[PDB]
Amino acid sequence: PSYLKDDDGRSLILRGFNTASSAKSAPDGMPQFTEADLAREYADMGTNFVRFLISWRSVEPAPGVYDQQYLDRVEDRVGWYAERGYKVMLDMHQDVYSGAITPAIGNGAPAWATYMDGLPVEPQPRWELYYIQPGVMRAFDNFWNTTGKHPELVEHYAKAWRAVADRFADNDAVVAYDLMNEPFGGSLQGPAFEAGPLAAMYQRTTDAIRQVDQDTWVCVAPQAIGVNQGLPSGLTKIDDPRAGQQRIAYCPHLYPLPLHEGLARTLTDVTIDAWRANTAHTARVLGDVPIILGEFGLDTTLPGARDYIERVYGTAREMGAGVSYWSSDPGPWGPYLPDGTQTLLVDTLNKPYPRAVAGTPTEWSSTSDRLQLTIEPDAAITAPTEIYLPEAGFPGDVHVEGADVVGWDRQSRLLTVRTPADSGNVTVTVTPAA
């Protein structure tokens, strides 16, 4: 596997949340999420990544006019993450195109960009079913210019991304731009969509972003319907005009149809197998790119939930993939119920992991009181390997074999170690002091 790298050249293992669905409907475009909430997340789980929801409606409230005050608010939030050592992926999020699909249900595009052409959008028993209503299908068909009537929409979209990238190009905490949440092709589905207008939009948007930001990873998703459930993607390679090596990453989601016992469990397990094979294939097509699992999640109160969650994280680890769990929002899917009570997720996610490795991590494992990591060395890297250790399992000092301890910060929970680069692959083993 391939990895995103920090400015020190260290390979990043990214663990965090989507933050947050509450931003979708907020007049000011911000999530119901405070700096204190982030402090809690970090204290409880030691996360180092966020998929932070932004929106086209908030960036470009009128055609060609970008809201710099909205971008100020996003920058403020990114600052909270920066202060606690997080890396940020900005997600241009939509579901069912826009809030403008009914006089609420959807989110994303501004009203001026929403052309349903008077076609109906009748109430449906599940939010996902709004995708196939005539007005929503038309809204997307117009956006992709399948209708031939709105070539301007993708152009506006690309330049709205350019505006965001112009603001965040020199932001040390931002590592990735996730160009579109769950692309939906309307009347176009499969390879016709993904290799056609979807790829074309990604290319135009990448090109626009690269007018103002040369180093942030541009993250592209397959179409969500089908691919979320373990079907292959027909997405094609996107060219990165930046000088030097490509910085494109692949950011699919994982949502098995059964969702965890009986035949449902078997179906979900083979879904993971299928999803892994397809994800690896498309990551190769795109240029042997890094993978970020941009969303997965479920109601943690379902029997078998922990086993599913642990299997997904094991699979991500084996694939060298980042993970942003859906989502930090209050409720049984998330780490906290509305009153602040921890769900099963906190203890499940709160495990040691390498955050930033001085070399390629070839394999690693962890339990509550042990971490082992093997590193393919890189003599050019001078920064130490940086590792999270939860206080539950590591209440005092550390015992490290295979590396020299550089620092052990018992407050931030960050262990830093140093390994040789001229001795082949190095295995580091971390256990609690006796």
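Residue numbers run from 1 along the displayed sequence.
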| property | result |
| --- | --- |
| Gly196 dropped in a third or more of the other entries | no |
| Unmodelled in at least a third of other entries of this protein, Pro103 | yes |
| Count class of deposited residues lacking coordinates, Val154 to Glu155 | none |
| Extent of unmodelled deposited sequence, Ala104 relative to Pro103 | 4 to 9 |
| Stretch exceeding the other in mean C-alpha B-factor - 136 to 144, 119 to 127 | 119 to 127 |
| Higher-scoring stretch by recorded Cα B factor average, 63 to 71 or 36 to 44 | 63 to 71 |
| Residue with maximal Cα B-factor (values as given in the PDB entry) among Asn278, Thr206, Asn181, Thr266 | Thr266 |
| Selection by C-alpha B-factor (highest) of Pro252, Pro290, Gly304, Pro354 | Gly304 |
| Third of chain Cα B-factors occupied by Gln411 | middle |
| CA B-factor placement of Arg370, once the chain's modelled residues are sorted into thirds | middle |
| Entry-reported Cα temperature factor of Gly226, expressed as the chain third it lands in | lowest |
| Among modelled residues of the same chain, the CA temperature factor third for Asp397 | highest |
| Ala403 CA temperature factor, ranked by third within the chain | middle |
